[PDB]
């Protein structure tokens, strides 16, 4: 079968849109414009991309990005076989060859100008240089490049270069408003609505502590964790300590603050 069939999103992933990012991604795709998704960790960027891959009926090749990621990781390599020499394409190369969506997750993790590899794939005529193979690929007309990164979570030297930034269209994601986020919790875990709202208020409290002892507030992912634990019958206070507090802080006082909020919420 096709090497891309394993990258197909089979069952529809649940995604709750916050604003018009679905239709706008479809517009970007119809114009084959590269897409950049920005936001804090755990606000549904990858699940958004994955939902779009489902809706467009396109295979999704996701690459998790490194600090030790060289240009080499993405493109492909020469395998020395008993047969004696065969070439094997990398993820980005497969996507570029057969019109798949390539999703560079946490692109800004990689060293900045290790990431200038994607520039030829964003020119008006999109190409991919496999210079170790000696091949010049013309990118499949249906190929779509998507990148993701958490702004402020990386160095200014590790930040995306302007030359790279200005090759993309962009969406800025943030954690959903209280109602939408509660709805996500309820849909994902089946936890009671009012309980979901309570969890969300705890998250709101931590997120309000951003810049005041926390580098980042509580993500939606951790709320999902807390709800999942509760649904398995874990005591609410324990679940929230375990999922919402211990992961994000080592500071004893911030911990005390969050735990007090939790104990005020769940008596």
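Residue numbers count along the first chain shown, from 1.
**Student:** Between 78-86 and 175-183, name whichever shows the higher mean Cα B factor according to the PDB entry.
**Tutor:** Higher mean C-alpha B-factor: 78-86.
**Student:** Please work out which of 216-224 and 66-74 has the higher mean CA B-factor as recorded in the PDB entry.
**Tutor:** Higher mean C-alpha B-factor: 66-74.
**Student:** Taking the Cα B-factors listed in the entry, which of 148, 122, 115, 169 comes out highest?
**Tutor:** Highest CA B-factor of the listed options: 115.
**Student:** Of 197, 191, 160, 96, which one's C-alpha B factor is largest in the deposited record?
**Tutor:** Answer for 197, 191, 160, 96: 160, with the highest C-alpha B-factor.
**Student:** For residue 17, does the deposited CA B-factor place it in the lowest, middle or highest third of the chain?
**Tutor:** It falls in the bottom third of the chain.
**Student:** If you rank the chain by CA B-factor, which third does residue 258 end up in: lowest, middle or highest?
**Tutor:** Its C-alpha B-factor, which the entry lists for residue 258, ranks in the middle third among residues of this chain.
**Student:** For the chain shown, is the CA B-factor of residue 248 in the lowest, middle or highest third of its modelled residues?
**Tutor:** For residue 248, whose C-alpha B-factor we compare with every modelled residue in the chain, the answer is the middle third.
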